[PDB]
There are 4 protein chains.
Amino acid sequence: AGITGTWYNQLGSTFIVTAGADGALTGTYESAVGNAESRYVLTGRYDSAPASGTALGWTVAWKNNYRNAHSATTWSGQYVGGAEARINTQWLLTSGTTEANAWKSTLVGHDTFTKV
Amino acid sequence: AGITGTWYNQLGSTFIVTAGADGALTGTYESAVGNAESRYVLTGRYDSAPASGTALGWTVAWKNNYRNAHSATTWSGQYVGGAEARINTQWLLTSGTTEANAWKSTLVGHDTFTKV
Amino acid sequence: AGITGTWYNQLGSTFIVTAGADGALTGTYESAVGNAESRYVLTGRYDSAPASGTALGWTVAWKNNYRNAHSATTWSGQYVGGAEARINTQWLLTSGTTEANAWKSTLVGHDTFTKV
Amino acid sequence: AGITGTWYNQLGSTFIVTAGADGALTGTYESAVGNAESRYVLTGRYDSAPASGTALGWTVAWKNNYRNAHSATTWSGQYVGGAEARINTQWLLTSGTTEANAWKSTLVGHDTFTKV
Ligand SMILES: COc1cc(/N=N/c2ccccc2C(=O)O)cc(OC)c1O
Ligand SMILES: COc1cc(/N=N/c2ccccc2C(=O)O)cc(OC)c1O
Ligand SMILES: COc1cc(/N=N/c2ccccc2C(=O)O)cc(OC)c1O
Ligand SMILES: COc1cc(/N=N/c2ccccc2C(=O)O)cc(OC)c1O
C-alpha cells in the first residue's frame, strides 16, 4: 500500500509501481533525462516484512518500442513512510560497451522519490 | 539463450536465470555470504536488442521463507558472450535502517559471474 | 579562493580546506558520524584550470591522535560557485577487513557541502 | 614499505607511491585510458596503525602540463600484504559538468593493483 502509487524524482521522472504481496515490484518508469521517450517496464523486489526503512530495488532496461539506449539502471534504496513518504536511492546505470571501454560503462548517482 | 543458465560469482553464490525474449530476467539467487540461507527470488531487465556488451540488471530482496535480512541488492552490468561468457557487475546493497543510520545503509561492490 | 574556506555537510560535519595554486587540497575534517572525534587530516586534488563545476576529490583516513576506525573515505565531486557555493559529492568509505569480509568493506553515499 | 613502491592495475596504469610514517600517500599516476597523457600527481591518506587489510585512498585530478580532462578520480580500498601484495579498490571519477549534466557526472569502477 505504502509503496504502491506514483512517485517523482528531483529530475522530474515518473515512477509508477505496484508492490505485490510476494515482495514483487512492477510498474513503468518515465525518464526526464537520457536518450528516452515514453515509458519503460520496471521490475524489482522489496522487503514485504520490514522491521527502519523498507529495503527495495528495481531495474529498468532503457529499451521500449520506440528507443534503445543499450543500457540499464538499477535503483537500490529504502522506502520511508510518514506524512511525506520518500524512496531514497542510489543507482547504477551501465551501458553496453566494448571490452576496451568497459572501464567507463557505469554511472553512479542518487535519486529521491516523492509520492504524489 | 546465452544469458539463460546457471552462473557463479567469485564468492560461490549461484545465479539461476531465465532471459525472456521481451527483456525480462527471472530466476533464483543462492548466496555464499551474509545473513542468508537458501534461494531468493530475483527479477531484472536486460537489453533484448543489443548493438558491444549486453546491459542488464536485477534485484534480490534478502527475504525468503527462512530468513529476512531486511536488505536488497541490485546488480548492474553487462553480459559478454563468447567461448568464456561473463557477466561483469557492480552492486549496491541497501539495508533498511532508521533515519540516523541512513548515511551508512548502502554497500557497493563488484561481482564477476561465469558459467564455471 | 572559491574552494578555500569552511564548509558543512547535511550531517553537520565540518570541512576546512585550502586550495593551493598547484591543484592541491589540504585541511582538516570534523565528522558528525562514525567512530570519530576531533579533526582528521585531509588531502586532495582539484582542477586548478576548470572549464561547468570544478572537479575535485579528497581522502580522510579515520586515524588521528585519539582514535583509529581503520577506514578511509574518499569524496569525489565538483565545486559549484555562485551566491550559494556548493560541493556536490559521492563518497566511498572502505574499512580494513579480513579477506572473508572484504565483500562488505565499502559503503557508498553522497554529501552536499555548503560554504560558510 | 609494503605500500611504498610501483603498482599496476588491470588496465596497465602505473601508480608510483610513497607511504609516509604519518599516514600520507604521495606519488604519481600514469593512466592507460582516457583523455590523459603523462603522469599526474596523486595525494592520499592511509591507516598507519592497522589492526586485517589496510584502509587507504587517494585522488588524482586529471590535469598536468599537457592536458586537462576537467575530472578527478578517487580510489578507496585496502592494501593486502603478503607474498602477493594487492591493493583492491573502488573508484569514483567525477567530471566537471554544467548543472544540467550533473546527474551523469560520476563513473564508478574497481581496480586491483599488483606489483607485477
Ligand atoms: C543511457 O541513456 C539513457 C539514460 C537514462 N537515465 N535515466 C536515469 C538513469 C539513472 C538514474 C536516474 C535516471 C532518470 O531518468 O531518472 C534514461 C534513458 O531513457 C531516456 C536513456 O536512454
Ligand atoms: C543484508 O546483508 C546481506 C548481504 C548479503 N550479500 N550478498 C551479496 C551482496 C552483494 C553482492 C553479492 C552478494 C552475494 O551473496 O553473492 C547477503 C544477505 O543474505 C540475507 C544479506 O542479508
Ligand atoms: C568507519 O568509522 C568511521 C566512519 C566515519 N564516517 N564519516 C563519513 C564517511 C563517509 C561520508 C561522510 C562522513 C562524515 O563523517 O561526514 C567517521 C569516523 O570518524 C567519526 C569513523 O571512525
Ligand atoms: C575525465 O575522464 C578521464 C578518465 C580517466 N580514467 N582513468 C581512470 C579512472 C578511474 C580508475 C582508473 C583509471 C586509470 O586510468 O587507471 C583518465 C583520464 O585522463 C585525463 C580522464 O580524462
Side-chain angles (χ1 to χ4, degrees), chain A residues 9-15 29-38 40 60 62-64 67-75 89 91-95 103-104 107-111, chain B residues 55 103-104, chain C residues 8-15 29-38 40 55 60 62-64 67-75 89 91-95 107-111, chain D residues 8-15 29-37 40 55 60-64 67-75 89-96 103-104 107-111 113:
Chain A
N9 77 3
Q10 73 295 345
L11 296 179
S13 298
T14 315
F15 160 65
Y29 198 95
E30 304 96 89
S31 178
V33 296
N35 166 241
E37 78 180 87
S38 197
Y40 299 84
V60 169
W62 302 107
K63 150 37 176 149
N64 66 14
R67 341 201 48 145
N68 199 358
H70 303 299
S71 61
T73 306
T74 65
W75 293 255
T89 68
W91 55 256
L92 296 173
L93 160 59
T94 311
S95 296
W103 73 270
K104 75 296 232 322
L107 295 175
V108 60
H110 56 88
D111 287 344
Chain B
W103 69 274
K104 38 63 154 304
Chain C
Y8 301 94
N9 77 3
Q10 73 295 345
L11 296 179
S13 298
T14 315
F15 160 65
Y29 198 95
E30 304 96 89
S31 178
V33 296
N35 166 241
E37 78 180 87
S38 197
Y40 299 84
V60 169
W62 302 107
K63 150 37 176 149
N64 66 14
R67 341 201 48 145
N68 199 358
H70 303 299
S71 61
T73 306
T74 65
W75 293 255
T89 68
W91 55 256
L92 296 173
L93 160 59
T94 311
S95 296
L107 295 175
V108 60
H110 56 88
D111 287 344
Chain D
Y8 308 88
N9 69 6
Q10 64 287 350
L11 296 183
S13 306
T14 316
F15 162 57
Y29 199 96
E30 179 183 328
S31 202
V33 290
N35 177 195
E37 77 178 310
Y40 302 84
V60 167
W62 302 103
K63 175 187 179 305
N64 65 8
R67 40 188 77 234
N68 193 354
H70 300 307
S71 61
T73 308
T74 67
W75 290 257
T89 76
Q90 296 201 260
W91 54 255
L92 302 166
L93 162 313
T94 310
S95 295
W103 69 274
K104 38 63 154 304
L107 292 166
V108 66
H110 49 108
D111 283 341
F113 295 87

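Just so you know, ligand 1 is whichever comes first in the structure, and atom 1 is the first atom listed for that ligand. Naming convention: chains lettered A, B, ... in sequence-line order (proteins, then strands); numbering from 1 in each chain. We use all heavy atoms of the structure for the numbers below, so side chains are in, but hydrogens, waters and symmetry mates are not.
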(message) Quick check for you: to the nearest 0.5 Å, what is the distance between D:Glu30 atom CD and D:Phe15 atom CZ?
(response) 14.0 Å
(request) Identify, for atom 2 (O) of ligand 3, the protein heavy atom at the shortest distance, and state residue, atom and that distance. (result) C:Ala69 CB, 3.6 Å
(message) Out of A:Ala36, A:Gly12, A:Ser95, who is nearest to atom 19 (O) of ligand 1 when you count heavy atoms only?
(response) A:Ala36
(message) Please report the interatomic distance CG(C:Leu107) to CH2(B:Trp103), rounded to the nearest 0.5 Å.
(response) 6.5 Å
(request) For the residue pair D:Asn64 and D:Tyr29, confirm or rule out a side-chain donor-acceptor distance under 3.5 Å. (result) no
(request) For ligand 3, indicate whether the residue C:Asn35 contacts it via side chain, backbone, both or neither (heavy-atom separation under 4.0 Å). (result) both
(message) Looking only at protein heavy atoms, which one is nearest to atom 8 (C) of ligand 3, and what is the separation?
(response) C:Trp62 CZ2, 3.9 Å
(request) Give, for atom OG of D:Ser13 and atom OH of D:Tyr8, the distance between the pair rounded to the nearest 0.5 Å. (result) 11.5 Å
(message) Is the contact between A:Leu107 and ligand 1 made by the side chain, the backbone, both, or neither, using heavy atoms and a 4.0 Å cut-off?
(response) neither
(message) If I apply the N/O under 3.5 Å rule, does A:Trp91 come out as touching ligand 1?
(response) no
(request) Identify the two heavy atoms, one from D:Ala61 and one from D:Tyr40, that lie closest to each other, and give their separation to 0.1 Å. (result) O-CD2, 3.9 Å
(request) Return the option from D:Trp75, D:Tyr40, D:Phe15, D:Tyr8 holding the heavy atom at the smallest distance from atom 13 (C) of ligand 4. (result) D:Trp75
(request) Could you tell me which atoms of ligand 3, counted from 1 in the order shown, lie closer than 4.0 angstrom to a heavy atom of C:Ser31? (result) 7 (N), 14 (C), 15 (O), 17 (C), 20 (C)
(message) Distance check, rounded to the nearest 0.5 Å: D:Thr89 atom OG1 versus D:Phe113 atom CZ?
(response) 5.0 Å
(message) Would A:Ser13 count as a polar contact of ligand 1, with the cut-off being nitrogen or oxygen pairs under 3.5 Å?
(response) yes
(message) Rounded at 0.5 Å granularity, tell me how far OG1 in D:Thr74 sits from CD in D:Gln90.
(response) 11.0 Å
(message) Considering non-hydrogen atoms of the protein only, which is the closest contact for atom 9 (C) of ligand 3, and what is the distance?
(response) C:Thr73 OG1, 3.4 Å
(request) Provide, to 0.1 Å, the distance between atom 17 (C) of ligand 3 and the closest protein heavy atom, together with that atom's residue and name. (result) C:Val33 O, 3.0 Å
(message) Suppose we measure from atom 16 (O) of ligand 4 to each protein heavy atom; which comes out shortest, and what is that distance?
(response) D:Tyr29 OH, 2.5 Å
(message) Using a 4.0 Å heavy-atom cut-off, which part of D:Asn9 comes near ligand 4: side chain, backbone, both, or neither?
(response) side chain
(request) Please report which non-hydrogen protein atom sits nearest to atom 12 (C) of ligand 3, along with the residue it belongs to and the distance in Å to one decimal place. (result) C:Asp111 OD2, 3.3 Å
(request) Report the distance from atom CG of C:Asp111 to atom CG of C:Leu11, rounding to the nearest 0.5 Å. (result) 6.0 Å
(message) So which atom in C:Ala36 and which in C:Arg67 form the shortest heavy-atom distance, rounded to 0.1 Å?
(response) C-CD, 3.5 Å
(message) Quick test: of every protein heavy atom, which one is nearest to atom 4 (C) of ligand 3, and how far off is it to 0.1 Å?
(response) C:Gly34 CA, 3.7 Å
(message) Geometry only, no angles: is D:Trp103 polar-contacting ligand 1 at N/O separations under 3.5 Å?
(response) no
(request) Could you walk me through whether D:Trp91 and C:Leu92 pass the side chain to side chain contact (heavy atoms under 4.5 Å, CB included) test, one step at a time? (result) CA-CA 8 Å; D:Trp91 54 255; C:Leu92 296 173; 5.5 Å; no
(message) So, applying side-chain hydrogen bond (donor to acceptor under 3.5 Å, both in side chains) with A:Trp62, which one of A:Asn68, A:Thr73, A:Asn35 is it?
(response) A:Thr73
(message) Return the closest protein heavy atom for atom 1 (C) of ligand 3 as residue, atom name and distance.
(response) C:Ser71 OG, 3.0 Å
